[PDB]
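Worksheet: the structure to be examined is printed underneath.
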Amino acid sequence: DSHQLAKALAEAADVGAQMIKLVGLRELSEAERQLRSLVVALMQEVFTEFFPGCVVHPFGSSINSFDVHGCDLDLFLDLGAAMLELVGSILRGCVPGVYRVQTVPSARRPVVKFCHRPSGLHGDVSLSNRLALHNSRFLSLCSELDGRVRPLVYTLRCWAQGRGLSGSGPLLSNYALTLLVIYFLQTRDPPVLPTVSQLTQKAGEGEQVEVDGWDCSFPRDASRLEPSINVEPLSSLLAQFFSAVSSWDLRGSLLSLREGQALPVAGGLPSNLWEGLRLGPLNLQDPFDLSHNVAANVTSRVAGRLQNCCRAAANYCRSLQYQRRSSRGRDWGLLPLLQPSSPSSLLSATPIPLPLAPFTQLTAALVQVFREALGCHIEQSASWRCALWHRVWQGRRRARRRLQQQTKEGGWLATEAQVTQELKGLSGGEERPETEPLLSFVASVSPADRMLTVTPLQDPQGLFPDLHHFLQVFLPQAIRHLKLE
């Protein structure tokens, strides 16, 4: 992980060589591709026995040439929930080697997750997703159009993973991030990649394909398209990326890869906002399905954190450490970007889900949960500054056991408070004047969605993550039990 990446990238030339070497290291080997193709052959053969004339299409991370080690194997089955169950049972029962089979109809794109034992692979089986095929082939096409695309995407992907800006949650999907990189490359003054409109209008004869009413047509080879007039190197394009996405207006702009342009949400959105297009903190238009915002799942927190981390990364890219190499210095160039973010930062990033309740009642409830039941000293969306001189998050089992033992030999809130107090007195201390808290933090609740965002202030012993997990479990319990009274 950090050993391989650091020792391999620190020894190579400049930033560009680092990016390319990173691509070389993280891309799938020949054996891995062989394994994948063989399993796909298994799937295809069995499904051909049961569904004559059906085609299993590998898509996603496999064919977009952004593939990484241990990536998912995504399969589109070309032949509603009941049919999904049928496919799942066929997987489970027939094709050899698959064991974990779990149906997920609930997603926007219903899929059957499966796990193949002998190859140790895993993936999704989608009954209908045809857009994934064509836009993945579009991605691979982009990687064919210019050679800087793949290094940029690999680097920025690993970076976003490190920063916790990408994920299966409210975070940006890898597809969304890739589309962001491509869009960035389309908007350069010497454009790196042609717009999707240009690819469709150029295209070629016999390449017409329409999926769900959207035109998926693009050239199948990069040879017929003229190269880029952009002479910019990798490092410059990286810094320019960070700067660009940090300086952009995300809420007021729908980024179109089709048009290669930022269209204002302010009523600069033609065709009456193509029906089914969700607007929000980040608006990124799919190059093919225009009614689909690939970033529609991205919340305000994630977008803001994106722009912040991109601003900090852009500031780093202007530094000397990034530009010039280092001899035996382990951290130079690409490496600090690829270095993962602090677990404290990562946890302050992820919010804490709270039960349904009126905002006012919920906030009052929370400050009650911090005031008593926890040793917190609190003071004034809603936000509170809390301080702790004791470890509240640990030892509560022994404490409540002790109290119940004193109950043996001799509703909510205050009882837990007793626990906290008896954690405090026997024995964390008597506290003290002059204070200087053990752990101090900030609790914030937004009106919608209602989620607690806990960020650390003073954490000398670095025990904040313990507190964060503790709160993750405890605060919903607190609110729930307070509701039960």
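We place every Cβ from the backbone using ideal geometry, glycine too, and count neighbours over all the protein chains shown. None of the figures in this text is laboratory data; all of them are computed from the coordinates on show.
What pairs can you find where one residue is in the range 271-289 and hydroxyl-bearing (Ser, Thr, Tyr), the other is buried (at least 16 other Cβ atoms within 10 Å of the Cβ), and their Cβ atoms are less than 9 Å apart, with a gap of 6+ or different chains? These pairs meet every condition: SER271/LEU290. Is it true that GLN477 is in a helix (DSSP H, G or I) and in contact with a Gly (Cβ under 9 Å, 6 or more places away or on another chain)? Criteria not met by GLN477. Here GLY280 passes the criteria (1) under 15 Å from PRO170 (Cα atoms); (2) crowded, with 18+ Cβ neighbours inside 10 Å except the one numbered (2). Checked against the criterion of being at positive phi, of a type in the set (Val, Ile, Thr) and over 36 Å from the mean Cα position of the chain (by Cα), the candidates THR415, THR435, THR420 yield just one match: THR435.
Of the set (1) farther than 23 Å from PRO456 by Cβ; (2) exposed (fewer than 14 other Cβ atoms within 10 Å of the Cβ), all apply to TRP332 but (2). Restricting attention to the range 70-100, and to residues there that are in contact with a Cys (Cβ under 8 Å, 6 or more places away or on another chain) and under 19 Å from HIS57 (Cα atoms), which single residue is surrounded by the fewest Cβ atoms within 10 Å (Cβ to Cβ)? Only one residue fits best here, namely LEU79. Exactly one residue out of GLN406, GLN394, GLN421 is farther than 20 Å from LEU467 by Cβ and out of contact with any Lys or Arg (no Cβ under 9 Å at 6 or more places or on another chain), and it is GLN406. Do we find a residue being under 26 Å from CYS317 (Cβ atoms), outside any strand (DSSP E or B) and charged (D, E, K, R) anywhere in the range 198-212? No - not one qualifying residue is present in the range 198-212. Quick one: which helices (runs of 4 or more DSSP H) sit completely within the range 80-186 and have at least 3 residues that are touching a strand residue (DSSP E or B) at 6+ places or on another chain (Cβ under 8 Å)? Because the criterion is at least 3 residues that are touching a strand residue (DSSP E or B) at 6+ places or on another chain (Cβ under 8 Å), the helices (runs of 4 or more DSSP H) in the range 80-186 that meet it are 81-93, 131-145, 174-186. When the residues of the range 27-59 are filtered to those that are under 24 Å from the mean Cα position of the chain (by Cα) and crowded, with 18+ Cβ neighbours inside 10 Å, the one that is farthest from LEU77 (Cα to Cα) is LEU28. For the structure I just gave you, tell me whether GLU431 is charged (D, E, K, R), surrounded by 10 or more Cβ atoms within 10 Å (Cβ to Cβ), out of contact with any helix residue (DSSP H, G or I) (no Cβ under 8 Å at 6 or more places or on another chain) and assigned to a loop (DSSP other than H, G, I, E, B). It is false that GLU431 is charged (D, E, K, R), surrounded by 10 or more Cβ atoms within 10 Å (Cβ to Cβ), out of contact with any helix residue (DSSP H, G or I) (no Cβ under 8 Å at 6 or more places or on another chain) and assigned to a loop (DSSP other than H, G, I, E, B). Of the helices (runs of 4 or more DSSP H) lying entirely inside the range 291-410, those containing at least 2 residues that are more than 30 Å from the chain's Cα centre (by Cα) and of a type in the set (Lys, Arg) are 396-409. For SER381, indicate whether it is exposed (fewer than 14 other Cβ atoms within 10 Å of the Cβ) and within 30 Å of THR299 (Cβ to Cβ). Yes, satisfied.
Among the residues of the range 343-375, which ones are among the hydroxyl-bearing types (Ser, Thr, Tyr) and either in contact with a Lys or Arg (Cβ under 7 Å, 6 or more places away or on another chain) or surrounded by fewer than 15 Cβ atoms within 10 Å (Cβ to Cβ) (or both)? Across the range 343-375, the qualifying residue is only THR360.
Taken over the range 252-279, the criterion of being part of a loop (DSSP other than H, G, I, E, B) and either within 11 Å of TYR183 (Cβ to Cβ) or in contact with a helix residue (DSSP H, G or I) (Cβ under 8 Å, 6 or more places away or on another chain) (or both) is satisfied by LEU257, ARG258, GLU259, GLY260.
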